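Q: Chains as they are written, first to last, in my numbering: chain D, 1 to 208; chain X, 1001 to 1209; chain Z, 2001 to 2209; chain S, 3001 to 3208; chain F, 4001 to 4264.
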Amino acid sequence: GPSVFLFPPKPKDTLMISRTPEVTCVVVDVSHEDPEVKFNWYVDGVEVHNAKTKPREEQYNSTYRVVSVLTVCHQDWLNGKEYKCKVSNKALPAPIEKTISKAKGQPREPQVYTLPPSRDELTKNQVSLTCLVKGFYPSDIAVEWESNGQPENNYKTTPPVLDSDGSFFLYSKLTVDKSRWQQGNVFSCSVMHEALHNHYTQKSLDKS
Amino acid sequence: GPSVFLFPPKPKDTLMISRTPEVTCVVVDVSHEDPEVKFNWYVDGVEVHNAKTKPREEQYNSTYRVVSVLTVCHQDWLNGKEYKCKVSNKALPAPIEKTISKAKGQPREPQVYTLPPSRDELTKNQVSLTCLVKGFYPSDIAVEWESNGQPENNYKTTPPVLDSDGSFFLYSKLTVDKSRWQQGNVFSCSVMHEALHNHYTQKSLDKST
Amino acid sequence: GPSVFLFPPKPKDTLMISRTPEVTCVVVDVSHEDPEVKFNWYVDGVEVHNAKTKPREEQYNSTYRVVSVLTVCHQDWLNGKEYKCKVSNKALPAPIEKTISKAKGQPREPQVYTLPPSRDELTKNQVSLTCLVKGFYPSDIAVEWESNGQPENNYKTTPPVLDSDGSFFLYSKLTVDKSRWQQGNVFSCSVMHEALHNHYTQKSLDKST
Amino acid sequence: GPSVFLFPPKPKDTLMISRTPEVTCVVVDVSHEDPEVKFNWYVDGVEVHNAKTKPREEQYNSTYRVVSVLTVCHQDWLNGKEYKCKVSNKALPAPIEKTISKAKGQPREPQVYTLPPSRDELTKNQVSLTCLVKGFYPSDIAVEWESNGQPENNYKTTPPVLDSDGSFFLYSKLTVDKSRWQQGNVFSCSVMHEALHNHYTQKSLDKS
Amino acid sequence: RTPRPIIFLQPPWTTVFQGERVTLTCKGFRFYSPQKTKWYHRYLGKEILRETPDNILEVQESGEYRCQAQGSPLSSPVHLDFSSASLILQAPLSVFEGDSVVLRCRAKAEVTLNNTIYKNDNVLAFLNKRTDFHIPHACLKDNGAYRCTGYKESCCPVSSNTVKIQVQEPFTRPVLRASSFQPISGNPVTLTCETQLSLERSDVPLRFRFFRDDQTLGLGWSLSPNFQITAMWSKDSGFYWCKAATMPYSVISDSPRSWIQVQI
Ligand SMILES: *[C@@H]1O[C@H](CO[C@@H]2O[C@@H](C)[C@@H](O)[C@@H](O)[C@@H]2O)[C@@H](O[C@@H]2O[C@H](CO)[C@@H](O[C@@H]3O[C@H](CO[C@H]4O[C@H](CO)[C@@H](O)[C@H](O)[C@@H]4O[C@@H]4O[C@H](CO)[C@@H](O)[C@H](O)[C@H]4NC(C)=O)[C@@H](O)[C@H](O)[C@@H]3O)[C@H](O)[C@H]2NC(C)=O)[C@H](O)[C@H]1NC(C)=O
Ligand SMILES: *[C@@H]1O[C@H](CO)[C@@H](O[C@@H]2O[C@H](CO)[C@@H](O[C@@H]3O[C@H](CO[C@H]4O[C@H](CO)[C@@H](O)[C@H](O)[C@@H]4O[C@@H]4O[C@H](CO)[C@@H](O)[C@H](O)[C@H]4NC(C)=O)[C@@H](O)[C@H](O)[C@@H]3O)[C@H](O)[C@H]2NC(C)=O)[C@H](O)[C@H]1NC(C)=O
Ligand SMILES: *[C@@H]1O[C@H](CO)[C@@H](O)[C@H](O)[C@H]1NC(C)=O
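1. DSSP three-state call for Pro3151 (chain S): helix, strand or coil?
2. Can you give me, in chain order, the residues of the region 121–150 of chain D that have a beta carbon less than 9 Å from any beta carbon in chain X?
3. To be precise: take each residue of the region 1007–1027 of chain X, compare its Cβ to all Cβ atoms of chain D, and keep it if any distance is under 7 Å. Which residues remain?
4. Can you list, in chain order, the residues of its chain with a C-beta nearer than 8 Å to that of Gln2059 (chain Z)? Leave out the 5 residues immediately preceding and following it.
5. Name, going along the chain, the residues of the region 4139–4158 of chain F whose beta-carbon falls closer than 7 Å to a beta-carbon of chain Z.
6. So, with DSSP's three-state summary, where would you put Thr3053 (chain S)?
7. Along chain X, which residues have their Cβ under 7 Å away from the Cβ of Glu4169 (chain F)?
8. Can you tell me whether DSSP reads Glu4097 (chain F) as helix, strand or coil?
9. Report yes if the C-beta of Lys1086 (chain X) is less than 7 Å from at least one heavy atom of ligand 1; otherwise report no.
10. Tell me, to the nearest whole angstrom, how far the beta carbon of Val3046 (chain S) is from that of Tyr3083 (chain S); I am working on the premise that it is less than 8 Å.
11. From what residue to what residue does the alpha helix (DSSP H) around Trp1077 (chain X) run?
12. Using a Cβ-based criterion (distance less than 7 Å to any ligand heavy atom), does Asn2050 (chain Z) qualify as near ligand 3?
13. With a 10 Å radius around its C-beta and 16 neighbouring C-beta atoms as the bar for buried, classify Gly4045 (chain F) as buried or exposed.
14. Decide if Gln4263 (chain F) is buried, meaning its Cβ has at least 16 other Cβ atoms within 10 Å, or exposed.
15. For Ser2101 (chain Z), does the three-state DSSP call read helix, strand or coil?
16. With DSSP as the reference, identify every bridge partner of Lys1084 (chain X), one or two as the case may be.
17. Select from Z:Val2030, Z:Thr2024, Z:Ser2172 the residue whose C-alpha is nearest the C-alpha of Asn2089 (chain Z).
18. On the criterion of 16 or more Cβ atoms from any shown chain inside 10 Å, does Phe7 (chain D) qualify as buried, or is it exposed?
19. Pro4092 (chain F) to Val1127 (chain X), Cα distance in whole Å?
20. Let me know if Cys2085 (chain Z) comes out buried or exposed under the rule of 16 or more other beta-carbons within 10 Å of its beta-carbon.
21. Mind checking the region 3155–3168 of chain S against chain D and listing, in chain order, the residues whose C-beta falls within less than 7 Å of any C-beta there?
22. My assumption, with CB atoms under 8 Å, is that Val3069 (chain S) sits in contact with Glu3022 (chain S). Please give the rounded CB distance.
23. Report all residues from its chain with a CB closer than 8 Å to the CB of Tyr1137 (chain X); omit the five preceding and five following residues, and keep chain order.
24. Once you ignore the five residues that flank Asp4213 (chain F) on each side, which residues in its own chain have a CB closer than 6 Å to its CB?
25. From which residue to which residue does the alpha helix (DSSP H) around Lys12 (chain D) run?
26. Could you name the residues that DSSP lists as bridge partners for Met192 (chain D)?
27. I think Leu15 (chain D) touches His197 (chain D), with their Cβ atoms under 8 Å apart; what is that distance to the nearest whole Å?
28. Beta-carbon distances below 6 Å to any heavy atom of ligand 3 define the shell here; list its residues in chain order, please.
29. Answer yes or no: does any C-beta atom of chain X fall closer than 8 Å to that of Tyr2113 (chain Z)?
30. Assuming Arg4004 (chain F) and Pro4073 (chain F) form a contact by the criterion Cβ under 8 Å, report the distance between their Cβ atoms to the nearest whole angstrom.
31. Less than 7 Å between C-beta atoms, sequence neighbours within five positions excluded: which residues of the same chain meet that for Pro2035 (chain Z)?
32. May I ask you to check if the CB of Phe1039 (chain X) is nearer than 7 Å to at least one heavy atom of ligand 2?
33. Which residue or residues does DSSP assign as beta-bridge partners of residue 4302 (chain F)?
34. Leaving aside the five residues before and after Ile4135 (chain F) along the sequence, list all residues of the same chain whose C-beta is less than 6 Å from its C-beta, in chain order.
35. Which residues in chain A have a C-beta closer than 7 Å to the C-beta of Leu4074 (chain F)? List them in chain order.
36. Under 9 Å between beta-carbons, which chain X residues line up against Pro4077 (chain F)? List them in chain order, please.
Structure representation (structure tokens):
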């Protein structure tokens, strides 16, 4: 009897239209006697066939792992469409059907404030721009950095920390060469959260 | 013979994950003798039954108009997927087919510049903030305004106008009270185009600029 | 079944004395078997033969198109004179009459505001000046730029857009080299509209706003 | 049967001489029939008898929990002394010994920069003073917030996030009232890390 | 996502005359198909199937054509047009950057006088006793609806059909990926200039030139889209970008400059 596990799509995939959100169904501990697994997916009870089945890979404990991923787009995931990952197996006496959907709850709008580097770091070789993003519920957020319309790649975002009032807050430190910072280049912080107006908020920050 | 017109989704609905993009094929000059029209929807050659057909609407010239809405998601439309609407009627000698898709062509990143009101507007009761959006292709763009994270509904946006380079340019005038401008209030122009990174750009504009 | 269309003079040619306004009566769908069309041009109630009927033009669809352009004086078009063309063809049992005139409504004086380029655009090779023309009526306006009494022909004007006040607005963006802009050259946005005093208003705009 | 676990002392406990670092060897799942858990502490293989053993407590799974706390010296911890809890129980056929010691990684000095709240946050009723503690290794750090020489507890510190160069960085957001913030009060971000000078660096910020 | 075969006209004029014949080639580079092409010809409520044992389909009738290769979806529509009119504007089916667009103002075996190419319903160029319009380098400015008009001998000034010249990019605008934008000093970091070449132009190789802040790397251009740096020091931490070019170096697109930092 193989086990059934389900993983929701990552918040970044579901909060950027440029990316495709992918919901991952993982089946492990598959016996070698019956390694054939048939996958069925539901969208509010309506059968769909857009899911693709990855090739099975052997595990260290002499089992098999087969993963079925269904192509979903953001509008259906956001409104709370019920997705059922039915796993058909002969070893299991009955197929395992489990329900997944977006975590329902009240949304709180993030309050994006971008902070210039400390003057003590202006003498360093690399300033560190900051983007505080506080007071947002839930933790399904994505934070990016931009400069002249292109994404910066030297930014690290802290994990969402639970605030005092039950909301969440995090940061985003972008390490920018002090030379680039001192020519007045504009560096923006992009926040993609469910509770925002258009699921986007871009707060720029320059030498001013 | 009745005619069929196919209308692409508006540029606003095809770029925001919070909006539903819909494509409508309407039929005009429907004879009252045959008021039954069967709609078949094809996306990339495969039949899709997700469409919801609105009830018929009575017209002034003793005809009927039927509108069918099929909802897609933006990754299909932005990839150039074709769309075919099939209309079947008894009075129609043959079914009428129309194909719509995203207009092909080289994307160009719009350059969003926000211009503060002229010095001659501060004598007026209301100022007119400007968001020039120049150098984008195609003419599929939605430009909004927002202050302190909340939407502004007092903006009017000119249609895209072809420039010399062949890229379009656009203007957005947001009329706000001069009291709300002379204080410290930040109005940001929200530009959504398929060529921008993450399909979004937000240029701030306040009294200091 | 031939059809006719009456097109008003473009607003640029109906205001400047230098150019001339022309009301065009264009017919289409003129078959080979009945190709003779005669235009009876009327100024208000009388017949005037000042029209210059261009010869028939065979379109790609094997249907002809006869365009009769009548030149008019600005002093009559701006006073709401009802120009009409009577098109004679062998298909219609009676000649078809199409009547158009000036857009009748209360004129409102445009408020021309010139907007200097954003500081973000002061890094590109070519900056774009702006001329917001606000709150006029009707949408029959002409916007042309100037530098030193000599016209500049590197501008594109958005079509008039209806506002919440019921008036119109448009933006005329002219692109010039940043080299010219930084020397302090004066760029005046000339605006011709029927409501303005003497149908003219220039708003100068140089490096010092 | 019973389980043996060993936990390091708190990061602030060792780096400040004013605090008492303690090593906890916690034993869970103690059988009721054999609750006598023998505790012996070795400091580099030298037996000591200055440890303190807490009384047992009833558990939710119908077992017991006995904890032994040993007071260690900061010099005797950071220098790299191998500690040992010898746990012997009548349900254990052999003694189970757990070992803990100081992380032997190469230290990296933190660079504490204190960032004032953004001008956008000033419109809110409560500003958020942030303190970036970047470029520090390892993750064993403690950050406090003392105003006018008195520590206060309203801050939240993000977990140490790995930087691009292999070090760590975090943040600490202290939410104070806007009027209190602009009344002229001074706030300090006290950083206790092993790589600093005297294991301490405090940076102050104010309206200026 | 888009395994669509492309139909190539020969001659490339989508609009031709009644007696002329054009050959439609269902060119498939990836997922090739030398034969067994199902042509979904459609004129007026028609779904005519004319399968051929070759990759060509010589036709002399108007309508909309497409082809279906084995294991491949239906092709993009090709709006063929055979005209009995006295004047037509022959335009290429697909226009890409760097092409030599030749909008022929060709009449039906007659020397049409006073030809004039109109772009967007206004005069663009005048061809005195000439037919072949020429755009030496197609770009985004060469977009719109072209239509040529010309006087006959004495019968009628004739306006030709309207052809929409839409210019497509031969390749997508390059983006400079890297193995890591923060390589520790002494590590090999590989630059990548990816360009999704259009299926219309896939046999043409691309030449990539990789750049530092302002100093070119390597020796000019190279067909390899990967520039491998064995070990980059702290000195060469600047704006890295790349230029993707076609084989005649006609159309060159510059990637956005992504900053690469060196960690030490
Ligand atoms: C047979 O062909 C003719 C000609 O059509 C041309 O050739 C064919 C093969 C196609 O390529 C056409 O796209 C191409 O135009 C057709 O005649 C057309 O018929 C329709 C409806 O009968 C008319 O539309 C109507 O009129 C106006 C819009 O017309 C203006 O804008 C057009 C572009 O949208 C221009 O082409 C027009 O010339 C006109 O523009 C105005 O021109 C005057 C004259 O100088 C200027 O003073 C004005 O300032 C200028 N205005 C502008 C905006 O520039 C509108 O009320 C509404 O849309 C009507 O439908 C077309 O005008 C007409 N085309 C022409 C060129 O006359 C026949 O319909 C075809 N026969 C059949 C059976 O279909
Ligand atoms: C009997 O009377 C009816 C009245 O309904 C006439 O039908 C009309 O026919 C004309 C001529 O074919 C047609 O005009 C063309 O329509 C297209 C553009 O349509 C848009 O504008 C019209 C304005 O009337 C709206 O009705 C349409 O819905 C479209 O408006 C928006 O279009 C966008 C996309 O552009 C779409 O996203 C929006 O959803 C849509 N808005 C709404 C509210 O739906 C073009 O082909 C062309 O330019 C012409 O303008 C007109 O639309 C028909 N009216 C309809 C469908 O309501 C009959 O012709 C008449 N019969 C006779 C014998 O005279
Ligand atoms: C042909 O073009 C010439 C040169 O512009 C012009 O002078 C002449 O009048 C034109 N002929 C006709 C018949 O329109």
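Heads up, the beta-carbon is just placed ideally off N, CA and C, and yes, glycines get one too.
A: In brief:
1. Under the three-state reduction of DSSP, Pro3151 (chain S) is assigned to strand.
2. Of all residues in the region 121–150 of chain D, only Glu144, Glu146, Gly149, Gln150 place a beta-carbon less than 9 Å from a beta-carbon of chain X.
3. Cβ contacts with chain D come from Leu1015, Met1016, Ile1017, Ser1018, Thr1020.
4. Same-chain partners within the cutoff: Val2028, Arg2065.
5. So the list reads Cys4156, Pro4157, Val4158, given in the order they occur along the chain.
6. DSSP places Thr3053 (chain S) within a strand segment (E or B) once states are collapsed to three.
7. Within 7 Å Cβ-Cβ: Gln1106.
8. Residue state, collapsed to three classes: coil.
9. The answer is no for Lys1086 (chain X).
10. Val3046 (chain S) to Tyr3083 (chain S), Cβ: 11 Å. No contact.
11. According to the DSSP assignment, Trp1077 (chain X) belongs to the alpha helix (DSSP H) that extends over 1074–1078.
12. Not under cutoff, so the answer is no.
13. It is exposed - the Cβ of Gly4045 (chain F) has fewer than 16 other Cβ atoms within 10 Å.
14. Here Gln4263 (chain F) is buried. Its C-beta has 16 or more other C-beta atoms within 10 Å.
15. Coil at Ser2101 (chain Z), not helix or strand.
16. Partner(s): X:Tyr1042, X:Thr1099.
17. Cα-wise, what sits closest to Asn2089 (chain Z) is Z:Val2030.
18. So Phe7 (chain D) ends up on the exposed side.
19. Between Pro4092 (chain F) and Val1127 (chain X), the C-alpha separation is close to 50 Å.
20. Taking all protein chains in view, the Cβ of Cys2085 (chain Z) is crowded by 16 or more other Cβ atoms within 10 Å, so the residue is classified as buried.
21. Listed in sequence order: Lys3156, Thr3158, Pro3159, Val3161, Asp3163, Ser3164.
22. In this structure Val3069 (chain S) touches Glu3022 (chain S) by the C-beta definition: roughly 5 Å separates them, less than 8 Å.
23. So the list reads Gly1105, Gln1106, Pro1107, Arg1108, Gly1166, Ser1167, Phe1168, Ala1195, once near-sequence residues are dropped.
24. Excluding residues within five positions, the ones whose Cβ falls inside 6 Å are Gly4238, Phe4239.
25. Secondary structure note for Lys12 (chain D): its alpha helix (DSSP H) is the uninterrupted segment 11–15.
26. DSSP, once it has assigned bridges, lists D:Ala142 as partnering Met192 (chain D).
27. Contact flag wrong, Cβ pair sits at about 13 Å.
28. Those residues, listed in chain order, are F:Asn4114, F:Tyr4151.
29. The beta carbon of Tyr2113 (chain Z) sits closer than 8 Å to some beta carbon of chain X.
30. With a contact defined as Cβ atoms closer than 8 Å, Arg4004 (chain F) and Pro4073 (chain F) qualify at about 6 Å.
31. The beta carbon of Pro2035 (chain Z) is closer than 7 Å to those of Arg2056, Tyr2064 in its chain, skipping five residues each way along the sequence.
32. It does not: the Cβ of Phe1039 (chain X) is nowhere closer than 7 Å to a heavy atom of ligand 2.
33. Residue 4302 (chain F) lies beyond the residue range present for chain F, which begins at 4001 and ends at 4264; the question has no answer from this structure.
34. Taking C-beta separations shorter than 6 Å and ignoring five residues to either side along the sequence, the partners of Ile4135 (chain F) in its chain run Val4101, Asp4142, following chain order.
35. In the structure shown, chain A does not exist; the protein chains are D, X, Z, S and F.
36. Under a criterion of Cβ atoms nearer than 9 Å, the residues of chain X adjacent to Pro4077 (chain F) are, in order, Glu1082, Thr1099.
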